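For reference, the structure is listed below as structure tokens.
Heads up: numbering here begins at 1 and tracks the sequence. Note that these values count all heavy atoms, side chains included, but never hydrogens, waters or copies made by symmetry.
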Amino acid sequence: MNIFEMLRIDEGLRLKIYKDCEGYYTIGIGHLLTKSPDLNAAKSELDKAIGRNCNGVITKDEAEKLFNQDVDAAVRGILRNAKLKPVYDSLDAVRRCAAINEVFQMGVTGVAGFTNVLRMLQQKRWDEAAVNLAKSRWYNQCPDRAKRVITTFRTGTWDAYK
């Protein structure tokens with residue numbers, strides 16, 4: 001399937017501000033607003049992100065706008081980065097989707113910092129890559145959101161998303 005359908009499965013779609021698995025205010029398809037516990041701080045961040053007064057609720061179209069922006073940032077982020085690009089180019093199509101997903105979740109610097117996993121992916125050591133991914137705070141702090149990505153790195157199929 002495509003990266004948008006994949007991330008919708010991992011992140012869900014919620015049109016009002018909610019607390020994610022880690023307790024952080026999130027909206028749309030995995031759009032992180034703030035790590036502050038102050039709901040009013042999340043509302044302010046949301047208003048800045050959209051450019052209007054949202055009172056904690058957005059439209060599906062606005063959610064999709066944020067989602068587009070966020071996926072675009074992940075893709076452009078990989079493709080200009082001296083560590084991430086050669087690995088992305090080396091991967092098969094399905095694992096490339098898993099790469100974009102991981103970057104959307106963790107950010108460029110977070111992914112680029114996992115130098116071992118990158119080498120393992122570049123070297124086709126899929127099982128090793130997954131075991132190591134399962135030691136991260138990324139996975140351990142929120143397993144349900146990361147589990148299918150890890151499995152996808154292990155198998156190179158869409159099976160976890162069917």
Side-chain angles (χ1 to χ4, degrees), residues 1-14 17-37 41-42 45-46 49 63-162:
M1 60 174 54
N2 72 53
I3 184 58
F4 300 92
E5 295 163 325
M6 187 194 202
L7 277 162
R8 178 167 171 150
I9 287 165
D10 292 320
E11 299 282 357
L13 167 74
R14 296 184 64 161
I17 295 168
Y18 73 97
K19 282 179 186 182
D20 73 5
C21 42
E22 288 194 271
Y24 306 140
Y25 293 120
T26 304
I27 201 171
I29 303 97
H31 187 81
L32 180 65
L33 290 164
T34 179
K35 289 184 182 185
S36 174
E45 282 303 306
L46 181 59
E64 288 170 341
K65 187 174 168 184
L66 291 179
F67 190 27
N68 273 336
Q69 196 161 23
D70 292 339
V71 173
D72 189 68
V75 171
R76 272 184 300 115
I78 287 163
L79 289 170
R80 66 178 167 238
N81 185 277
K83 283 301 177 217
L84 301 183
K85 176 178 159 63
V87 182
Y88 186 88
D89 296 335
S90 84
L91 290 171
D92 54 278
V94 174
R95 293 185 178 91
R96 282 183 175 153
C97 293
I100 300 168
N101 189 321
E102 194 192 359
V103 174
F104 179 105
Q105 295 199 37
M106 290 186 47
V108 167
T109 58
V111 177
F114 278 82
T115 41
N116 281 31
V117 174
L118 286 176
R119 288 196 275 92
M120 288 165 184
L121 291 172
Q122 223 186 334
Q123 293 169 38
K124 322 303 181 189
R125 295 152 62 197
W126 313 127
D127 293 333
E128 300 180 72
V131 162
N132 280 57
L133 284 169
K135 305 182 191 179
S136 68
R137 278 190 63 89
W138 167 57
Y139 167 74
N140 285 289
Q141 288 294 301
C142 189
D144 281 346
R145 190 181 59 199
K147 66 187 178 183
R148 298 183 197 84
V149 179
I150 299 181
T151 305
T152 303
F153 279 129
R154 209 190 294 267
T155 70
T157 71
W158 284 113
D159 280 22
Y161 291 94
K162 313 297 210 197

More than 12 heavy atoms of other residues, nucleotides or ligands under 6.0 Å from NZ of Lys35: yes or no?
no
Report, as yes or no, whether the 6.0 Å neighbourhood of atom CZ on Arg96 holds more than 12 heavy atoms from other residues, nucleotides or ligands.
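More than 12 heavy atoms, drawn from other residues, nucleotides or ligands, come within 6.0 Å of this atom.
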Can you find a pair of side-chain heavy atoms, one from [X] and one from [Y], that are under 4.5 Å apart?
X	Y	value
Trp138	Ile150	yes
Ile100	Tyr88	yes
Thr152	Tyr161	yes
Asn101	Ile3	yes
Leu84	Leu118	yes
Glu11	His31	no
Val94	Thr157	no
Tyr25	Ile17	yes

Minimum heavy-atom separation for [X] to [Y], with atom names?
X	Y	answer
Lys85	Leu79	CD-O, 3.4 Å
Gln122	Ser90	CG-OG, 3.7 Å
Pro86	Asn81	CD-O, 4.0 Å
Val111	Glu102	CG2-O, 3.8 Å
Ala99	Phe153	N-CZ, 3.6 Å
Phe104	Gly30	CE2-O, 3.9 Å

Tell me, with the steps shown, if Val131 and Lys135 meet side chain to side chain contact (heavy atoms under 4.5 Å, CB included).
CA-CA 7 Å; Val131 162; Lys135 305 182 191 179; 4.1 Å; yes
Looking only at side chains, do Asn68 and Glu64 share a donor and an acceptor under 3.5 Å apart?
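No donor-acceptor contact under 3.5 Å links the two side chains.
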Looking at [X] and [Y], would you say the former's side chain and the latter's main chain have a donor-acceptor pair under 3.5 Å?
X	Y	result
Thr26	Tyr24	yes
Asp127	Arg154	no
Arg145	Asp10	no

Rounded to the nearest 0.5 Å, how far does [atom2] of [Y] lie from [atom1] of [X]?
X	Y	atom1	atom2	result
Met120	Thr115	CE	OG1	9.5 Å
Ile27	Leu33	CD1	CG	6.0 Å
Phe4	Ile9	CZ	CD1	14.0 Å
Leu32	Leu66	CG	CG	12.0 Å
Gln141	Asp20	CD	CG	10.5 Å

